[PDB]
Amino acid sequence: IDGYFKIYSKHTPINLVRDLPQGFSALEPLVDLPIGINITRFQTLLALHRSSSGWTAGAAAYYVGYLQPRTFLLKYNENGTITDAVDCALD
Amino acid sequence: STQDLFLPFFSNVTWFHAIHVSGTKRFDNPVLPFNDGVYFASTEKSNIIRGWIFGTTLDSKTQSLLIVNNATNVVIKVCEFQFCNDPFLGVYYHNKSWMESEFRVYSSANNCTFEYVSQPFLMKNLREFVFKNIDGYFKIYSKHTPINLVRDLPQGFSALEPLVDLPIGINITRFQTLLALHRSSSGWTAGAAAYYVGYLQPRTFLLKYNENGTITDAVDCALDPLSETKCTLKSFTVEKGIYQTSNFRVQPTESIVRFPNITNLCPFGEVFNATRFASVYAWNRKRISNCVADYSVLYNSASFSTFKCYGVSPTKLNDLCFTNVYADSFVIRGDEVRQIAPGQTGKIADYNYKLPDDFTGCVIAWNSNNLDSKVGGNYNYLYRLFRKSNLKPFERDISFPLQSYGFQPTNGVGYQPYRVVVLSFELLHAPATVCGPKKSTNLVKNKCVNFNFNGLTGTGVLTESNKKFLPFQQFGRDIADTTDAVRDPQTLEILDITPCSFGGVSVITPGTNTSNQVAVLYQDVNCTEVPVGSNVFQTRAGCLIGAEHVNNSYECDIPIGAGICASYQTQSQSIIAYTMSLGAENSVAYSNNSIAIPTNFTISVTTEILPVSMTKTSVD
Amino acid sequence: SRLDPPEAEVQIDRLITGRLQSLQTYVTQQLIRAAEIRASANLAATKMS
Amino acid sequence: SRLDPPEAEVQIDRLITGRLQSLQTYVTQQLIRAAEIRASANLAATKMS
Amino acid sequence: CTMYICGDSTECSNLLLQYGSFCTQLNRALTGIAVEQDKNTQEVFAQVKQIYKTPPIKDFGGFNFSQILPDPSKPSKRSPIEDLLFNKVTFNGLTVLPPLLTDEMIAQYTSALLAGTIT
Amino acid sequence: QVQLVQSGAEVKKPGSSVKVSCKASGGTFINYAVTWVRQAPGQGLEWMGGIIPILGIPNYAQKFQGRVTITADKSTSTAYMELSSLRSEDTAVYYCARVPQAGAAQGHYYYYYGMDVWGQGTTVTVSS
Amino acid sequence: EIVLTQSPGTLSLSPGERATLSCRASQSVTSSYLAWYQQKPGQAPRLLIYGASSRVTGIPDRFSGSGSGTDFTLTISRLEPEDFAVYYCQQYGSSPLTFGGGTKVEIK
Ligand SMILES: *[C@@H]1O[C@H](CO)[C@@H](O[C@@H]2O[C@H](CO)[C@@H](O[C@@H]3O[C@H](CO)[C@@H](O)[C@H](O[C@H]4O[C@H](CO)[C@@H](O)[C@H](O)[C@@H]4O)[C@@H]3O)[C@H](O)[C@H]2NC(C)=O)[C@H](O)[C@H]1NC(C)=O
Ligand SMILES: *[C@@H]1O[C@H](CO)[C@@H](O[C@@H]2O[C@H](CO)[C@@H](O[C@@H]3O[C@H](CO)[C@@H](O)[C@H](O)[C@@H]3O)[C@H](O)[C@H]2NC(C)=O)[C@H](O)[C@H]1NC(C)=O
Ligand SMILES: *[C@@H]1O[C@H](CO)[C@@H](O[C@@H]2O[C@H](CO)[C@@H](O[C@@H]3O[C@H](CO)[C@@H](O)[C@H](O)[C@@H]3O)[C@H](O)[C@H]2NC(C)=O)[C@H](O)[C@H]1NC(C)=O
Ligand SMILES: *[C@@H]1O[C@H](CO)[C@@H](O[C@@H]2O[C@H](CO)[C@@H](O)[C@H](O)[C@H]2NC(C)=O)[C@H](O)[C@H]1NC(C)=O
Ligand SMILES: *[C@@H]1O[C@H](CO)[C@@H](O[C@@H]2O[C@H](CO)[C@@H](O)[C@H](O)[C@H]2NC(C)=O)[C@H](O)[C@H]1NC(C)=O
Ligand SMILES: *[C@@H]1O[C@H](CO)[C@@H](O[C@@H]2O[C@H](CO)[C@@H](O)[C@H](O)[C@H]2NC(C)=O)[C@H](O)[C@H]1NC(C)=O
Ligand SMILES: *[C@@H]1O[C@H](CO)[C@@H](O[C@@H]2O[C@H](CO)[C@@H](O)[C@H](O)[C@H]2NC(C)=O)[C@H](O)[C@H]1NC(C)=O
Ligand SMILES: *[C@@H]1O[C@H](CO)[C@@H](O[C@@H]2O[C@H](CO)[C@@H](O)[C@H](O)[C@H]2NC(C)=O)[C@H](O)[C@H]1NC(C)=O
Ligand SMILES: *[C@@H]1O[C@H](CO)[C@@H](O)[C@H](O)[C@H]1NC(C)=O
Ligand SMILES: *[C@@H]1O[C@H](CO)[C@@H](O)[C@H](O)[C@H]1NC(C)=O
Ligand SMILES: *[C@@H]1O[C@H](CO)[C@@H](O)[C@H](O)[C@H]1NC(C)=O
Ligand SMILES: *[C@@H]1O[C@H](CO)[C@@H](O)[C@H](O)[C@H]1NC(C)=O
Ligand SMILES: *[C@@H]1O[C@H](CO)[C@@H](O)[C@H](O)[C@H]1NC(C)=O
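Protein chains in written order, with the authors' numbering: chain W, 197 to 247, 255 to 294; chain H, 50 to 72, 76 to 146, 149 to 177, 187 to 247, 255 to 469, 490 to 622, 639 to 677, 689 to 737; chain U, 982 to 1030; chain G, 982 to 1030; chain C, 738 to 827, 855 to 883; chain V, 1 to 52, 52A, 53 to 82, 82A to 82C, 83 to 100, 100A to 100K, 101 to 113; chain Y, 1 to 27, 27A, 28 to 107.
Have a look at this one:
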């Protein structure tokens, strides 16, 4: 936004086989780099190995989703954390 | 009610003895400032005080006023005088009086554009004058009245009437008084002199006009609370009650600026301090971005012999943010250092390096001869001489068409090597990373001060807190979106913000024919912090100054709040404050066998008043 | 009598707006005030009866 | 702290006008609201009597 | 009005002076409302100019008024019923003024009325 | 014959306040402009403030705002300067000085001459 | 705030020679109001020249000053053993009054 690339990140340990957990976590800011370019497409890098077919790798999988302009209602506790949220378009 | 420049009531005015005769003589009349006008008073019974001088420099480089009077005409001139050190008017008899009154005031009067002749001003007849100078208009007020006091100002009331409104257009800073002594270093004599001087301040007054055309009374609304009440009620009499007059505030006592640490210093030391430098025909242009530039180092050094900086001011460069900065480097002769300018022509200007007419940069340069030259000269600096066409600015090509420079280490200035560094700033559609440094302060505490926390401005009092922030949040906010807490950029500690005191002031007074005493209530303010004298008593509605806490209870007379009343009592007279009572105990004799029956009666008549209607008006 | 018609129609509108607001406030306050003289006259007519 | 005095006196007037209107609405609504607590207190006093 | 609109700024306060006397009317209206709020309570509760008391012994033929009369044990001197009612109902220049009659005088007035009614 | 004399040296602890006095004898003292100058060890000179006793309104530097106060007494003919909220960097020598030709015009001050008569110097050492 | 910079940081000379000291301002001084002070260790400064041209009475004739705009200069034609001290330039055409930075002139 406005010549500023912003990144948010979060790590958490889980135990499910293959799914997204049913919980609630909030992401925290990482960087706000002041670049000045236009962005339209993106791609993911993978570093496989060295051992056309002279390279190998084990596996990979990832989940992708897209953002839309919405309105949310967030709840803050007595401490500094966010605990709950409500989306005002579901029902 | 009018606001103007007035002389405050009950002050000190200065009393000068211009000439004192003790045995012997003592002559001393000083030069005094002219702040907002002056009030001048005299009572001398002779023709000695005979005019005035006004000006700023009191020399021939500027214009000055001159007002002179000689008991037959008044002459006002505005010329370029050159006054003497001790100006005075000399009357010399040829005869005893009525002779050629010479002018020892000045010695030159040229190029001057005003003159005004009229009837005398000063026609034991105490005389008062008021002088003013507003918007190129010199205004004079005067009044004469006979008195009988020995040495004092009378206790009466007189109003001054306008005299002249001359349309001069000069500046006025100082003024002086003229005296015409006699003629009979010590070849002149005089009798005596003395005058009173006072200064005006911006005040607000309440004046009273009678049925005829004159002014009779005035009230100054800054002397005491009673005058403030009279002015806020627009009357000379006040009825018994409690009135709200003004507000009470606390002022800041210092200023604070806090910013993060100074890092990422921008490499300005590489283009200035470097063992090797480029040539005239081949520059060393360098791009600079994403850094913090310390400009104040460059222009505070006693080693640069040329710093003419066009486009921007050298001091404001610390408050400007750019996108890119470009730096060049030349080594030229000492004669062509003047040719690096937005407008100039010549060999270097038109063939080697040229600049536009909107440069908005500058040409920091200096001299070096003990290092850039050797015993043998070492003519390793070359330049071009002939070109097929003039070279436009911001363009140069790499390529006997080249000649070297002598730089013999014996020649005088004008040919010795001189190093030039040229800087330019550019702002394109980009976040403009490059910015100047920001300084900090010592972070005082516990006083109502002004703070600038990394971009947050405000006034208030800071203190420690018990809140805990997540290690990315900077400040906090309240329910109504008002800032409550902040974090120090350098120490990473949480501070609270509390507004400094504020409230209202109320005046409690009895009727005006009874007494002239008052009490003052400061609302909702703990007055262990009041800047301000009588008995002090703290209530739930604020605190009270001027009343004694009586020990009993009566009916309420003047309500104050929280069940506290005040009244004017007699025991000497004073104002007392107490807690109101509700009535008298009337416990009834109750039993299960007794009744009370009345025996005789009265007839009573009472009244009741009710409004029914109002006035019918219409507006177009 | 001191400005051209293209520029005299700009400063007049400020006066017009201010005077209109000053006139509206008076009418609102007069309605609010007149709302209670009726309440008093409705009690006087009952005390008479 | 970011504009010249000739241009800083134009944007200030918008804030002044908006804040003045926001302050006037509150006073009008408070008068209208206070008009009825008196009506209730005039009935409580009659029920007490 | 002045502090709400132009917070401690002289150049804002000098521009505010050209609009006349808009703020004084607002201050007057608010002062009038605040003044009326005390007459509202005075016309209701202050109906007796004397203070009455009940006899030390409560022998009213079989009626028990203990739930509406004050009890000396409590520091606030309030009836048991009033206690239930009281524990059941729960800067840019804005200030709040205190009422003239405290909560401990209204109770005295109510107790005077109650004690005058019975005897 | 105009001369000014100051008080003696002072040693202070941080957080306190100091008050220095300047007594001038041999002149009118009423229409002068009494200034105050501070010199740090191994540094230059700085301007703090000044006052004209007849007027009664002083002028302060922006840096020393809310921290310094300059007053004068005409009867005893003595000028006082008070500095509060002491730090460890307020250790220097203070000078009185005098500007003979000064005017007012508006609320500001205007000078037409340089300082000619100086004081002697009072050292204020702040430490702990 | 007008800032004055003294170009030569330190001058080393010999008796009988001449000196030259400069005082460059960030802006143009109003009405060319500049004063020169000379200070010795353990003593208060002393006024020598005011108005950038005028000289106070009682000051030796070997001192002189000149300049205008944003460039002002002071000259001592014939140096003497008593002339080695620190020198300052001050402006008083506006507010606040600002001093220079100093320029040592000594042989030891
Ligand atoms: C009488 O007194 C009045 C009041 O002092 C006086 O009017 C003043 O004139 C000066 C003339 O210099 C004005 O000062 C100007 O102010 C502007 C405001 O920004 C400055 O930018 C001007 O500076 C220019 O020149 C500088 C170089 O000296 C440049 O660096 C700069 O970029 C500018 O180009 C200039 O200083 C002053 O504003 C007025 N006062 C008021 C209140 O307007 C008047 O001259 C005196 N004389 C007479 C005969 O009345
Ligand atoms: C019921 O109340 C009324 C008054 O409210 C009583 O009438 C008053 O009685 C007294 C005693 O007789 C009268 O006083 C007399 O005054 C004259 C002087 O004028 C004096 O000479 C007599 O000796 C006597 O003191 C008083 O005038 C009279 N008031 C009126 C208006 O007539 C009435 O007596 C009461 N009833 C009973 C049963 O007491
Ligand atoms: C008027 O009515 C009140 C009640 O509203 C009477 O006071 C109450 O009297 C009863 C009976 O003595 C008390 O009951 C007791 O309760 C405790 C539990 O706390 C229990 O353990 C006892 O065995 C006994 O039952 C009660 O506490 C007391 N107070 C209240 C508030 O109920 C009062 O006596 C009556 N007046 C007359 C003259 O009878
Ligand atoms: C927000 O912070 C407070 C204080 O840091 C947390 O309260 C502490 O909880 C731990 C949990 O074991 C206790 O040991 C501490 O004694 C508590 N502090 C105090 C002062 O008693 C609080 O738990 C935090 N918020 C949440 C939701 O956990
Ligand atoms: C009082 O002042 C007036 C104003 O100058 C004098 O009138 C001038 O007198 C001189 C002397 O002869 C004449 O040259 C001028 O022509 C006169 N001017 C006018 C307008 O008449 C007057 O003489 C003075 N009275 C004295 C000195 O006794
Ligand atoms: C204002 O003017 C009136 C009228 O000129 C003054 O009243 C006159 O006072 C004199 C005093 O002796 C009487 O002789 C006149 O008869 C009065 N005029 C009338 C018409 O009766 C009045 O005195 C002046 N104001 C003041 C304060 O004196
Ligand atoms: C080039 O080097 C000189 C020293 O050789 C630097 O001079 C220093 O400047 C700073 C800035 O005020 C002073 O604090 C130091 O005391 C100076 N050095 C000495 C030895 O006194 C100069 O700053 C360097 N150039 C740049 C652009 O930084
Ligand atoms: C900004 O710089 C200051 C100056 O060094 C830092 O303050 C010091 O930090 C060190 C870190 O260990 C402490 O030991 C000192 O006691 C601090 N005070 C001093 C030296 O007076 C400050 O920490 C820096 N800020 C940040 C965010 O790193
Ligand atoms: C006037 O001077 C006297 C003594 O000189 C002093 O007591 C009085 O307070 C002064 N009045 C003022 C400052 O208003
Ligand atoms: C004459 O006076 C005017 C007004 O001050 C001035 O502009 C002009 O330069 C003066 N002429 C001479 C020759 O002094
Ligand atoms: C003063 O004012 C009081 C207030 O009512 C009034 O009673 C009294 O008659 C007036 N006059 C005198 C001389 O007290
Ligand atoms: C008033 O201030 C003093 C001094 O801080 C304090 O001791 C006292 O408790 C305060 N009282 C109230 C009612 O705020
Ligand atoms: C009022 O009564 C109190 C009750 O303790 C007593 O202490 C006090 O001295 C009396 N007088 C005053 C003036 O407070």
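Don't be surprised by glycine CBs; every beta carbon is placed ideally from N, CA and C.
Verify whether the separation of the beta carbon atoms of residue i and residue j is less than 7 Å.
i        : j        : result
H/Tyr266 : H/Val90  : no
V/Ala33  : V/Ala100 : no
Y/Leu33  : Y/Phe62  : no
H/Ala609 : H/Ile692 : yes
H/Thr323 : H/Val539 : yes
H/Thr430 : H/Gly526 : no
V/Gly104 : V/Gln43  : no
Y/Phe98  : Y/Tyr86  : no
H/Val615 : H/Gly652 : no
Over what stretch of residues does the beta strand (DSSP E) that includes residue i continue unbroken?
i        : result
Y/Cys88  : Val85 to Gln90
C/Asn751 : Taken as a continuous stretch (DSSP letters only), C/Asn751 belongs to no beta strand (DSSP E), being part of the alpha helix (DSSP H) at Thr747 to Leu753.
H/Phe133 : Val126 to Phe135
Y/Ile75  : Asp70 to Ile75
H/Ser116 : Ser116 to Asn121
H/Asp586 : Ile584 to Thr588
What first and last residue would you give for the alpha helix (DSSP H) that runs through residue i?
i         : result
H/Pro507  : H/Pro507 -> not in any alpha helix (DSSP H); beta strand (DSSP E) instead, spanning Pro507 to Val510.
U/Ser1003 : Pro986 to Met1029
C/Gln762  : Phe759 to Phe782
C/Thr739  : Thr739 to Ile742
H/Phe342  : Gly339 to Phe342
C/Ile882  : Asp867 to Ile882
If contact means a Cβ-Cβ distance below 7 Å, which residues of the region 508-533 of chain H contact chain W? For the region 508-533 of chain H, residues whose beta-carbon sits nearer than 7 Å to a beta-carbon of chain W comprise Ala520, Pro521 and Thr523.
Quick one, which residues of the region 304-333 of chain H are near chain V if we go by CB-CB under 8 Å, in chain order? Near chain V, meaning a CB-to-CB distance below 8 Å, the residues of the region 304-333 of chain H are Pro322, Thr323, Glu324 and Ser325.
Closer than 6 Å between the C-beta and any heavy atom of ligand 1: which residues qualify, listed along the chain? Those residues, listed in chain order, are H/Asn234, Y/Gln27 and Y/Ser27A.
Compile a chain-ordered list of the residues in the region 212-236 of chain W whose CB is closer than 9 Å to at least one CB of chain H. Here the close residues are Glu224, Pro225, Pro230, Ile231 and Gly232.
Members of the region 32-46 of chain Y near chain V, C-beta cut-off 7 Å: Result list: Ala34, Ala43, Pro44 and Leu46.
Against chain C, which members of the region 1002-1020 of chain G pass a CB distance test of less than 8 Å? If the cut-off is 8 Å between Cβ atoms, the region 1002-1020 of chain G has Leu1004, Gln1005, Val1008, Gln1011, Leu1012, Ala1015, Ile1018 and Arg1019 near chain C.
Contact set between the region 378-399 of chain H and chain Y, restricted to residues whose Cβ is under 8 Å from the partner: Those residues of the region 378-399 of chain H placed with their C-beta closer than 8 Å to a C-beta in chain Y are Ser383, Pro384 and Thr385, ordered along the chain.
Going along the chain, which residues of the region 73-100 of chain Y sit with their C-beta nearer than 9 Å to a C-beta in chain V? Under the 9 Å Cβ criterion, the region 73-100 of chain Y contributes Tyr87, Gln89, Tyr91, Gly92, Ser94, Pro95, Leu96, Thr97, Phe98, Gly99 and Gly100.
What are the residues in the region 271-284 of chain H lying within 8 Å of chain U by C-beta distance? Within the region 271-284 of chain H, no residue places its CB atom closer than 8 Å to a CB of chain U.
Near-chain C residues of the region 691-708 of chain H - C-beta to any C-beta below 7 Å: So the list reads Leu699, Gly700, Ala701, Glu702, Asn703, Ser704, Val705 and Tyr707, given in the order they occur along the chain.
Among all residues, which have a Cβ less than 7 Å from at least one non-hydrogen atom of ligand 9, and in what chain order do they fall? This selection yields H/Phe59, H/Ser60, H/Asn61 and V/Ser74.
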